[PDB]
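Below: one protein chain in two forms, given as structure tokens, structure 1 then structure 2.
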Structure 1
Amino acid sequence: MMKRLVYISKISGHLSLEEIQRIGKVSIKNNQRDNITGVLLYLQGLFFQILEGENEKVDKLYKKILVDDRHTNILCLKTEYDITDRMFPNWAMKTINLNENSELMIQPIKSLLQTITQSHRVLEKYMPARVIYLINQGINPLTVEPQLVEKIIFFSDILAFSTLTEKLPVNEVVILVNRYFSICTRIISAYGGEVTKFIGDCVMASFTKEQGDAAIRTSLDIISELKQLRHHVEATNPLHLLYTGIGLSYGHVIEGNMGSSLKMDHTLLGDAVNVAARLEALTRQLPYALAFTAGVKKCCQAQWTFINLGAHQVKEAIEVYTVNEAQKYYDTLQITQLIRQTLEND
């Protein structure tokens, strides 16, 4: 049985024509051995490749391509399974430099391909991570049926954000929120979590039930990086005032497409979403910057020092936990007052 995959990628740095030639000859040699055929196109710093052959041979090759140093931001766009006919039966690997094609009748198609691909790469950034995952796996996200899944829900947001927005100019708030989002997204994604959306200054993400310790480590790493950042910058930098609170919950959530023709999105539905947001808010009243449910605790295997913060009610009460490592070295009320007083000019 044969398959065919298509992917796009960003060429790492500036790549010479001779090293692009060094991809072609090795590809031709290996693909002839593996009975692989396909085409490699490049255009304005982007690679396009189509690979076809028996499934095991194609998957082995794509695993190696994925770790190749010469390109990055790799997104597989389409996978066709159990294909009847090869698309390029005579090309072990045909390389086409679309930049060098100056023919007048191909310029329209070449222009459209560059415009649509560059637009595609922008849109990719706005997708929930789950959608990018499904596309990478060759699954059309629009046709996926919703599933009840077990997830750890993550919410983190900015301490005293109302004071920051009240006292800072808009451009300074934007720099600060972008930095916060950049840090959260990088760390969540490094631990295998999936960012779902930004809501105001809040980052929403999920982890699997096998990722309880990764979820805690994510949260502590966020807190740790913010603490580092506050003493890295000057006192006139609003980043000097950036703190977070984090809530985690665990439960059954429905994951999938929701909405209508007018607006559709990837959503997560279930009690755990509300609980994680409420625990995120509760950290304001706690001497800890991370709060989570008993269910999150049961998903952890590491030797955390779990601390029981008692039962709290969520708009029936739920046990709230934290870890000793999440303890605040500051008093939260004193810090929100310091933030306001730091931003006071009078």
Structure 2
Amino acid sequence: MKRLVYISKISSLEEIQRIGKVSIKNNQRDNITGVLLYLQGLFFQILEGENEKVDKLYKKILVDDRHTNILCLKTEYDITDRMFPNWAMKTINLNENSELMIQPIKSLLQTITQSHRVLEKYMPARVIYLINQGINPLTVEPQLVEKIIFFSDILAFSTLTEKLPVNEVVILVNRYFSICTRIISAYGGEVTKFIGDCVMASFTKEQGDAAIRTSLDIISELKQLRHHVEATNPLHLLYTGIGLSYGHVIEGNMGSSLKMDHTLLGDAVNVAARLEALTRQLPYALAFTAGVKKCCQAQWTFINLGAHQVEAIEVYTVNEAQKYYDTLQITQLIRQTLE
């Protein structure tokens, strides 16, 4: 038996009662007990029952359109007892509870949960996934894994920061991060960090083609954006270069009780970064290693760009990543445009 807890965000009061009625019916049939609280636009649900049976329900609740931003906070895998043996699904509306002695607990709960939701927006997606799976991020051991590492950043970003107002730079950076995160995630990748204007992400060794396609789609969407906007919009000057590496990296949660983070340790991270920087002096906006190339099964036109020093290593690209522009001219054009 196992018991899990999740919180969610509500997307009218009668419909909630309908939910509760359905749950009472469905859960008694499956020996599932639990509770549904709601307060100030948030849902709280505890569910317990047979391991297989709770999972089917949770999948239904996940795809349910009535709530969004679902996060499973805790899972307990071999519970000796149930917490609510008699409740198929007790609905408790903490909004219309006016009892004074419950008001401090209720107020603290709302404050702490809202604060928790704010913090969730800064978490690495890999930690959120771990928590959703019932794994303690603080105790899980890091592992060596084979990964494709993705690095991209904004062309001539120092020139742009030098010549643009604060809000313009932030709007531009936010648009860039938005387009990178959306495309990376669409292809199954995971964004690791933003470092300045750099986007760091990782794909699995089975996602070589997806990484190439992510890189091409980001470049392609930037080119569209550049001719979507007027020439007074800074977005008209947004270009990117992309580096990809493949290797062994130690993935996990690192640090101390004072400060934690999710990190990838290994040479491939630095190689991807150097390759991304190398695209400035290349006729292509995407550079990757032989290891990345070997993870690809599609019929790309790989182009060998010789050995370069980051030891020297072979550097490849695909034909479709070729620049329709000259890079040095572009940075000068950016400089002159901002005069």
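Throughout, rigid core stands for the largest set of C-alpha atoms superposing within 1.5 Å between the two forms. Throughout, residue numbering runs from 1 along the sequence of structure 1.
Shift analysis on the rigid core between structure 1 and structure 2 singles out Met264 from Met264, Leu142, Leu269, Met87 (C-alpha displacement of 2 Å or more). In the core-aligned comparison between structure 1 and structure 2, the Cα atom of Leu43 sits 1.1 Å away from its counterpart. A C-alpha shift of 2.0 Å is found for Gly192 between structure 1 and structure 2, based on superposition of the rigid core.
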